[PDB]
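Structure data follow from work_34.csv (CSV, N, CA and C atoms):
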```
chain,number,residue,atom,x,y,z
P,18,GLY,N,11.7,-31.0,42.6
P,18,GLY,CA,11.5,-29.8,41.7
P,18,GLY,C,10.3,-29.0,42.0
P,19,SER,N,10.5,-27.8,42.7
P,19,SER,CA,9.3,-27.0,43.0
P,19,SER,C,8.9,-26.1,41.8
P,20,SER,N,8.1,-26.7,40.9
P,20,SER,CA,7.7,-26.0,39.7
P,20,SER,C,6.2,-26.3,39.5
P,21,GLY,N,5.5,-25.2,39.0
P,21,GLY,CA,4.1,-25.4,38.8
P,21,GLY,C,3.5,-24.2,38.1
P,22,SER,N,2.7,-24.4,37.0
P,22,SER,CA,2.1,-23.3,36.3
P,22,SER,C,0.6,-23.5,36.2
P,23,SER,N,-0.1,-22.4,36.0
P,23,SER,CA,-1.6,-22.5,35.9
P,23,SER,C,-2.2,-23.3,37.1
P,24,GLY,N,-1.7,-23.0,38.3
P,24,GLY,CA,-2.2,-23.8,39.4
P,24,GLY,C,-3.4,-23.1,40.1
P,25,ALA,N,-3.9,-23.7,41.2
P,25,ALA,CA,-5.1,-23.1,41.9
P,25,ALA,C,-4.7,-21.8,42.5
P,26,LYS,N,-5.6,-21.2,43.3
P,26,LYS,CA,-5.4,-19.9,43.9
P,26,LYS,C,-4.8,-20.1,45.3
P,27,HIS,N,-5.4,-21.1,46.0
P,27,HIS,CA,-4.9,-21.4,47.4
P,27,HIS,C,-4.1,-22.7,47.4
P,28,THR,N,-3.5,-23.0,48.6
P,28,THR,CA,-2.7,-24.2,48.7
P,28,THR,C,-3.5,-25.4,49.1
P,29,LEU,N,-4.7,-25.1,49.7
P,29,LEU,CA,-5.6,-26.2,50.2
P,29,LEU,C,-5.5,-27.4,49.3
P,30,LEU,N,-5.3,-27.1,48.0
P,30,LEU,CA,-5.2,-28.2,47.0
P,30,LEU,C,-3.9,-29.0,47.1
P,31,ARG,N,-2.8,-28.2,47.1
P,31,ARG,CA,-1.5,-28.8,47.3
P,31,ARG,C,-1.4,-29.8,48.4
P,32,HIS,N,-1.9,-29.4,49.6
P,32,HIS,CA,-1.9,-30.2,50.8
P,32,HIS,C,-2.7,-31.5,50.5
P,33,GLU,N,-4.0,-31.5,50.3
P,33,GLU,CA,-4.8,-32.6,50.1
P,33,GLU,C,-4.0,-33.6,49.2
P,34,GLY,N,-3.3,-33.1,48.2
P,34,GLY,CA,-2.5,-33.9,47.3
P,34,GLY,C,-3.2,-34.1,46.0
P,35,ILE,N,-4.0,-33.1,45.5
P,35,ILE,CA,-4.7,-33.2,44.3
P,35,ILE,C,-3.8,-32.7,43.1
P,36,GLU,N,-3.6,-33.6,42.2
P,36,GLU,CA,-2.8,-33.3,41.0
P,36,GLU,C,-3.7,-32.9,39.8
P,37,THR,N,-3.4,-31.8,39.2
P,37,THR,CA,-4.1,-31.3,38.1
P,37,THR,C,-3.2,-30.9,36.9
P,38,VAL,N,-3.6,-31.3,35.7
P,38,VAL,CA,-2.9,-31.1,34.5
P,38,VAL,C,-3.1,-29.6,34.0
P,39,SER,N,-2.4,-29.3,32.9
P,39,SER,CA,-2.5,-28.0,32.3
P,39,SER,C,-3.5,-28.0,31.1
P,40,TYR,N,-3.4,-29.1,30.3
P,40,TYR,CA,-4.3,-29.2,29.1
P,40,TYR,C,-5.7,-29.4,29.5
P,41,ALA,N,-6.6,-29.5,28.5
P,41,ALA,CA,-8.0,-29.7,28.8
P,41,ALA,C,-8.4,-31.2,29.0
P,42,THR,N,-9.2,-31.5,30.0
P,42,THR,CA,-9.6,-32.8,30.3
P,42,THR,C,-11.1,-32.9,30.6
P,43,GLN,N,-11.8,-33.7,29.9
P,43,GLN,CA,-13.3,-33.9,30.2
P,43,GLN,C,-13.6,-33.8,31.6
P,44,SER,N,-12.7,-34.3,32.5
P,44,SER,CA,-12.9,-34.3,33.9
P,44,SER,C,-12.4,-33.0,34.5
P,45,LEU,N,-13.0,-32.5,35.6
P,45,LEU,CA,-12.6,-31.3,36.3
P,45,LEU,C,-12.7,-31.4,37.8
P,46,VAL,N,-12.0,-30.5,38.5
P,46,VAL,CA,-12.0,-30.5,39.9
P,46,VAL,C,-12.5,-29.2,40.5
P,47,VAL,N,-13.6,-29.2,41.3
P,47,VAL,CA,-14.1,-28.0,41.9
P,47,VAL,C,-13.4,-27.7,43.2
P,48,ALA,N,-12.7,-26.6,43.2
P,48,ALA,CA,-12.0,-26.2,44.4
P,48,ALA,C,-12.9,-25.2,45.3
P,49,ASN,N,-12.6,-25.2,46.6
P,49,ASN,CA,-13.3,-24.4,47.5
P,49,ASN,C,-14.8,-24.7,47.5
P,50,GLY,N,-15.1,-26.0,47.1
P,50,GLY,CA,-16.5,-26.4,47.0
P,50,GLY,C,-16.7,-27.7,47.8
P,51,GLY,N,-17.3,-28.7,47.2
P,51,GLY,CA,-17.5,-30.0,47.8
P,51,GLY,C,-18.5,-29.8,49.0
P,52,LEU,N,-19.2,-30.9,49.3
P,52,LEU,CA,-20.2,-30.9,50.4
P,52,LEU,C,-19.6,-30.2,51.6
P,53,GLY,N,-18.4,-30.5,52.0
P,53,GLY,CA,-17.8,-29.9,53.2
P,53,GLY,C,-18.0,-28.4,53.2
P,54,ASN,N,-18.1,-27.8,52.0
P,54,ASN,CA,-18.3,-26.3,51.9
P,54,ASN,C,-19.8,-26.0,51.8
P,55,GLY,N,-20.6,-26.8,52.4
P,55,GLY,CA,-22.0,-26.6,52.4
P,55,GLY,C,-22.6,-26.5,51.0
P,56,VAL,N,-21.9,-27.2,50.1
P,56,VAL,CA,-22.4,-27.2,48.7
P,56,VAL,C,-23.0,-28.5,48.3
P,57,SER,N,-24.3,-28.5,48.1
P,57,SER,CA,-25.0,-29.7,47.8
P,57,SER,C,-24.9,-30.0,46.2
P,58,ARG,N,-25.2,-31.2,45.8
P,58,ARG,CA,-25.1,-31.5,44.4
P,58,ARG,C,-26.1,-30.7,43.6
P,59,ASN,N,-27.4,-30.6,44.1
P,59,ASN,CA,-28.4,-29.8,43.4
P,59,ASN,C,-28.1,-28.3,43.5
P,60,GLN,N,-27.0,-27.9,44.2
P,60,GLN,CA,-26.6,-26.5,44.3
P,60,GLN,C,-25.4,-26.3,43.4
P,61,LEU,N,-24.7,-27.3,43.1
P,61,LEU,CA,-23.4,-27.2,42.3
P,61,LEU,C,-23.7,-27.7,40.9
P,62,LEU,N,-24.4,-28.8,40.7
P,62,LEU,CA,-24.7,-29.3,39.4
P,62,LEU,C,-25.4,-28.3,38.5
P,63,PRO,N,-26.3,-27.5,39.1
P,63,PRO,CA,-27.0,-26.5,38.3
P,63,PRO,C,-26.1,-25.6,37.5
P,64,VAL,N,-24.9,-25.3,38.1
P,64,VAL,CA,-24.0,-24.4,37.5
P,64,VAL,C,-23.2,-25.2,36.4
P,65,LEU,N,-23.0,-26.5,36.7
P,65,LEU,CA,-22.2,-27.4,35.8
P,65,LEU,C,-23.1,-27.8,34.6
P,66,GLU,N,-24.4,-27.5,34.7
P,66,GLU,CA,-25.3,-27.9,33.6
P,66,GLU,C,-25.5,-26.7,32.6
P,67,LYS,N,-25.7,-25.5,33.2
P,67,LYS,CA,-25.9,-24.3,32.5
P,67,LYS,C,-24.8,-24.1,31.5
P,68,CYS,N,-23.6,-24.5,31.9
P,68,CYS,CA,-22.4,-24.3,31.0
P,68,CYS,C,-22.3,-25.4,30.0
P,69,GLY,N,-22.2,-26.7,30.5
P,69,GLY,CA,-22.2,-27.8,29.6
P,69,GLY,C,-22.9,-29.0,30.2
P,70,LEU,N,-23.0,-30.1,29.4
P,70,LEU,CA,-23.6,-31.3,29.8
P,70,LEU,C,-22.9,-32.0,30.9
P,71,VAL,N,-23.6,-32.4,32.0
P,71,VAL,CA,-22.9,-33.1,33.1
P,71,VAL,C,-23.2,-34.6,33.1
P,72,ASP,N,-22.2,-35.4,32.6
P,72,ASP,CA,-22.3,-36.8,32.5
P,72,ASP,C,-22.3,-37.5,33.9
P,73,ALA,N,-21.3,-37.1,34.7
P,73,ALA,CA,-21.2,-37.6,36.0
P,73,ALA,C,-20.5,-36.6,37.0
P,74,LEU,N,-21.2,-36.3,38.1
P,74,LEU,CA,-20.6,-35.4,39.1
P,74,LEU,C,-20.3,-36.1,40.4
P,75,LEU,N,-19.0,-36.3,40.5
P,75,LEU,CA,-18.5,-37.0,41.7
P,75,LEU,C,-18.3,-36.0,42.9
P,76,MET,N,-19.0,-36.3,44.0
P,76,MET,CA,-18.9,-35.4,45.2
P,76,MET,C,-18.6,-36.2,46.4
P,77,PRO,N,-17.3,-36.3,46.8
P,77,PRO,CA,-16.8,-37.0,47.9
P,77,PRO,C,-17.2,-36.4,49.3
P,78,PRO,N,-17.6,-37.2,50.2
P,78,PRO,CA,-18.0,-36.7,51.5
P,78,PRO,C,-16.9,-36.2,52.4
P,79,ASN,N,-17.2,-35.1,53.1
P,79,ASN,CA,-16.1,-34.5,54.0
P,79,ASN,C,-15.0,-34.0,53.1
P,80,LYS,N,-15.2,-33.5,51.9
P,80,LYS,CA,-14.2,-33.0,51.0
P,80,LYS,C,-14.6,-31.7,50.4
P,81,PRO,N,-13.7,-30.7,50.6
P,81,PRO,CA,-14.0,-29.3,50.1
P,81,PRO,C,-13.8,-29.3,48.6
P,82,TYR,N,-13.4,-30.4,48.0
P,82,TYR,CA,-13.2,-30.4,46.6
P,82,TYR,C,-14.0,-31.6,45.9
P,83,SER,N,-14.4,-31.4,44.7
P,83,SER,CA,-15.2,-32.4,44.0
P,83,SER,C,-14.7,-32.6,42.6
P,84,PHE,N,-15.3,-33.5,41.9
P,84,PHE,CA,-14.9,-33.8,40.5
P,84,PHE,C,-16.2,-33.9,39.6
P,85,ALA,N,-16.1,-33.3,38.4
P,85,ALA,CA,-17.2,-33.3,37.5
P,85,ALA,C,-16.8,-34.0,36.2
P,86,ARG,N,-17.8,-34.5,35.4
P,86,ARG,CA,-17.5,-35.2,34.2
P,86,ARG,C,-18.5,-34.7,33.1
P,87,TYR,N,-18.0,-33.9,32.1
P,87,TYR,CA,-18.8,-33.4,31.1
P,87,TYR,C,-18.9,-34.4,29.9
P,88,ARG,N,-19.8,-34.1,29.0
P,88,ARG,CA,-20.0,-35.0,27.8
P,88,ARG,C,-19.0,-34.8,26.8
P,89,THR,N,-18.6,-33.5,26.5
P,89,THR,CA,-17.6,-33.2,25.5
P,89,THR,C,-16.6,-32.2,26.0
P,90,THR,N,-15.3,-32.4,25.7
P,90,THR,CA,-14.3,-31.6,26.2
P,90,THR,C,-14.7,-30.1,26.1
P,91,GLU,N,-15.0,-29.6,24.9
P,91,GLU,CA,-15.4,-28.3,24.7
P,91,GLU,C,-16.1,-27.7,25.9
P,92,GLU,N,-17.2,-28.5,26.3
P,92,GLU,CA,-18.0,-28.1,27.4
P,92,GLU,C,-17.1,-27.8,28.7
P,93,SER,N,-16.4,-28.9,29.1
P,93,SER,CA,-15.5,-28.8,30.2
P,93,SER,C,-14.8,-27.5,30.3
P,94,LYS,N,-14.0,-27.3,29.2
P,94,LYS,CA,-13.2,-26.0,29.1
P,94,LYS,C,-14.1,-24.8,29.3
P,95,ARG,N,-15.2,-24.7,28.6
P,95,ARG,CA,-16.1,-23.6,28.8
P,95,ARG,C,-16.4,-23.3,30.2
P,96,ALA,N,-16.6,-24.3,31.0
P,96,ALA,CA,-16.9,-24.2,32.4
P,96,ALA,C,-15.7,-23.9,33.2
P,97,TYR,N,-14.5,-24.4,32.7
P,97,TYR,CA,-13.3,-24.2,33.4
P,97,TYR,C,-12.8,-22.8,33.3
P,98,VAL,N,-13.1,-22.1,32.2
P,98,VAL,CA,-12.8,-20.7,32.0
P,98,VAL,C,-13.9,-19.8,32.5
P,99,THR,N,-15.1,-20.4,32.6
P,99,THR,CA,-16.2,-19.6,33.1
P,99,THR,C,-16.5,-19.8,34.6
P,100,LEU,N,-16.8,-21.0,35.0
P,100,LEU,CA,-17.0,-21.4,36.4
P,100,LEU,C,-15.8,-21.0,37.2
P,101,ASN,N,-14.6,-21.4,36.8
P,101,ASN,CA,-13.4,-21.1,37.6
P,101,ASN,C,-13.4,-19.6,37.9
P,102,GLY,N,-13.2,-19.3,39.2
P,102,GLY,CA,-13.2,-17.9,39.6
P,102,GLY,C,-14.5,-17.3,39.9
P,103,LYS,N,-15.6,-17.9,39.3
P,103,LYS,CA,-16.9,-17.4,39.6
P,103,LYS,C,-17.4,-17.7,41.0
P,104,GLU,N,-18.2,-16.8,41.6
P,104,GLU,CA,-18.7,-17.0,42.9
P,104,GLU,C,-20.1,-17.7,42.9
P,105,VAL,N,-20.5,-18.3,44.0
P,105,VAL,CA,-21.8,-18.9,44.2
P,105,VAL,C,-22.2,-19.0,45.6
P,106,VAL,N,-23.5,-18.7,45.8
P,106,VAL,CA,-24.1,-18.7,47.2
P,106,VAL,C,-24.1,-20.1,47.7
P,107,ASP,N,-23.6,-20.3,48.9
P,107,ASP,CA,-23.6,-21.6,49.5
P,107,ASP,C,-24.8,-21.8,50.4
P,108,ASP,N,-24.9,-22.9,51.1
P,108,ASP,CA,-26.1,-23.2,51.9
P,108,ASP,C,-26.2,-22.1,53.0
P,109,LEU,N,-25.1,-21.7,53.5
P,109,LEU,CA,-25.2,-20.6,54.5
P,109,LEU,C,-25.7,-19.3,54.0
P,110,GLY,N,-25.5,-19.1,52.7
P,110,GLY,CA,-26.0,-17.9,52.0
P,110,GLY,C,-24.9,-17.0,51.7
P,111,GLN,N,-23.6,-17.4,51.8
P,111,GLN,CA,-22.5,-16.6,51.5
P,111,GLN,C,-21.8,-17.0,50.2
P,112,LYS,N,-21.5,-16.0,49.4
P,112,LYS,CA,-20.9,-16.3,48.1
P,112,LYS,C,-19.5,-16.8,48.2
P,113,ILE,N,-19.2,-18.0,47.6
P,113,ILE,CA,-17.9,-18.6,47.7
P,113,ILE,C,-17.2,-18.6,46.4
P,114,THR,N,-15.9,-18.5,46.4
P,114,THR,CA,-15.1,-18.5,45.1
P,114,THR,C,-14.5,-19.9,44.9
P,115,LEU,N,-15.1,-20.6,43.8
P,115,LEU,CA,-14.6,-21.9,43.5
P,115,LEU,C,-13.6,-21.8,42.3
P,116,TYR,N,-12.7,-22.8,42.3
P,116,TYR,CA,-11.7,-22.8,41.2
P,116,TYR,C,-11.7,-24.2,40.5
P,117,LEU,N,-12.0,-24.2,39.2
P,117,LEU,CA,-12.0,-25.5,38.5
P,117,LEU,C,-10.6,-25.7,37.8
P,118,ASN,N,-10.1,-26.9,38.0
P,118,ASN,CA,-8.8,-27.3,37.4
P,118,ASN,C,-9.0,-28.5,36.5
P,119,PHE,N,-8.2,-28.5,35.5
P,119,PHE,CA,-8.2,-29.7,34.5
P,119,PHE,C,-7.6,-30.9,35.1
P,120,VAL,N,-8.3,-32.0,35.1
P,120,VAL,CA,-7.8,-33.3,35.6
P,120,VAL,C,-7.9,-34.4,34.6
P,121,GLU,N,-6.8,-35.1,34.3
P,121,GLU,CA,-6.8,-36.2,33.4
P,121,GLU,C,-7.5,-37.4,34.0
P,122,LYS,N,-7.2,-37.7,35.2
P,122,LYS,CA,-7.8,-38.8,35.9
P,122,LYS,C,-8.3,-38.4,37.3
P,123,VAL,N,-9.3,-39.2,37.8
P,123,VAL,CA,-9.9,-38.9,39.1
P,123,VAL,C,-10.4,-40.2,39.7
P,124,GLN,N,-10.3,-40.3,41.0
P,124,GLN,CA,-10.8,-41.5,41.8
P,124,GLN,C,-12.3,-41.6,41.7
P,125,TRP,N,-12.8,-42.0,40.6
P,125,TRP,CA,-14.2,-42.2,40.4
P,125,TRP,C,-14.8,-43.4,41.2
P,126,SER,N,-16.1,-43.4,41.4
P,126,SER,CA,-16.7,-44.5,42.2
P,126,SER,C,-17.2,-45.6,41.3
P,127,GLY,N,-16.4,-45.9,40.3
P,127,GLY,CA,-16.7,-46.9,39.3
P,127,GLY,C,-15.6,-47.7,38.8
P,128,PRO,N,-15.8,-49.0,38.6
P,128,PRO,CA,-14.7,-49.9,38.1
P,128,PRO,C,-14.3,-49.6,36.6
P,129,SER,N,-13.1,-49.0,36.5
P,129,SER,CA,-12.6,-48.6,35.2
P,129,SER,C,-12.4,-49.9,34.3
P,130,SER,N,-13.3,-50.0,33.3
P,130,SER,CA,-13.3,-51.2,32.4
P,130,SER,C,-12.1,-51.1,31.5
P,131,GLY,N,-11.3,-52.1,31.4
P,131,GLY,CA,-10.2,-52.1,30.5
P,131,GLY,C,-8.9,-51.9,31.3
```

Could you show the structure in this file as structure tokens?
Amino acid sequence: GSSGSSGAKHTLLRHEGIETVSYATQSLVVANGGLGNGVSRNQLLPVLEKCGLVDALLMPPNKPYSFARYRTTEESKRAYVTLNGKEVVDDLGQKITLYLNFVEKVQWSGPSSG
């Protein structure tokens, strides 16, 4: 069934195989970003903080996409509707357009208790 609503802007996501929900989820996925996109943690976190509290920011190596974890849903959404589509200067010095998608679950680097 080829169906999808409120999806990303590019397919880069579809390929990798990143599944994103439609509703709001404390967790989020930064598109067109990640270290691979010359985007350091101290360069991306700053934007994830100004919007809302950043509990945990997962940044996989050699991955143009990353995952963030806010403290309260409200925050996540605020950044999802704000950060998403917003541009940001990368290491190279070029403004890149990142897209944040709502994710219910994410391959975090921690043992899920329970």

Tell me which protein, DNA and RNA residues are within 7 Å of segment 108-115 of chain P, counting all atoms listed in the file, leaving out same-chain ones fewer than 5 positions away, and put them as JSON, numbers by chain.
{"P": [47, 48, 49, 50, 54, 55, 56, 57, 100, 101, 102, 103]}

Near segment 82-98 of chain P, within 6 Å and counting all atoms listed in the file, which residues show up once chain neighbours fewer than 2 positions away are dropped, as an MDAnalysis selection string?
chainID P and resid 42:52 68:77 80 100:101 117

P:105, P:124, P:129, P:119 ranked by distance to residue 60 of chain P, top pick (using only C-alpha atoms)
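Checking each of P:105, P:124, P:129, P:119 against residue 60 of chain P, counting only C-alpha atoms, the winner is P:105.
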
Measure the distance from atom C of residue 104 of chain P to atom C of residue 121 of chain P in Å and round it to one decimal.
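These atoms are spaced 25.0 Å apart.
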
To one decimal place, how far is atom N of residue 36 of chain P from atom N of residue 128 of chain P in Å?
20.0 Å

Please run DSSP on the backbone and report, as a PyMOL selection string, all residues within chain P that come out as helix (DSSP H, G or I).
chain P and resi 29-33+52-54+58-68+90-99

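Between atom C of residue 38 of chain P and atom CA of residue 120 of chain P lies a distance of 6.2 Å.
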
Please return, as a PyMOL selection string, all residues of chain P that DSSP assigns to strand (DSSP E) on the basis of the backbone.
chain P and resi 44-48+71-75+83-87+104-106+112-114+116-120

Could you tell me which of P:64, P:59, P:29, P:34 comes closest to residue 81 of chain P if we count only C-alpha atoms?
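So, comparing all the options, the nearest one is P:29.
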
I'd like to know which of P:106, P:126, P:21, P:118 is closest to residue 37 of chain P, using only N, CA and C atoms.
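Comparing P:106, P:126, P:21, P:118 against residue 37 of chain P, the winner is P:118.
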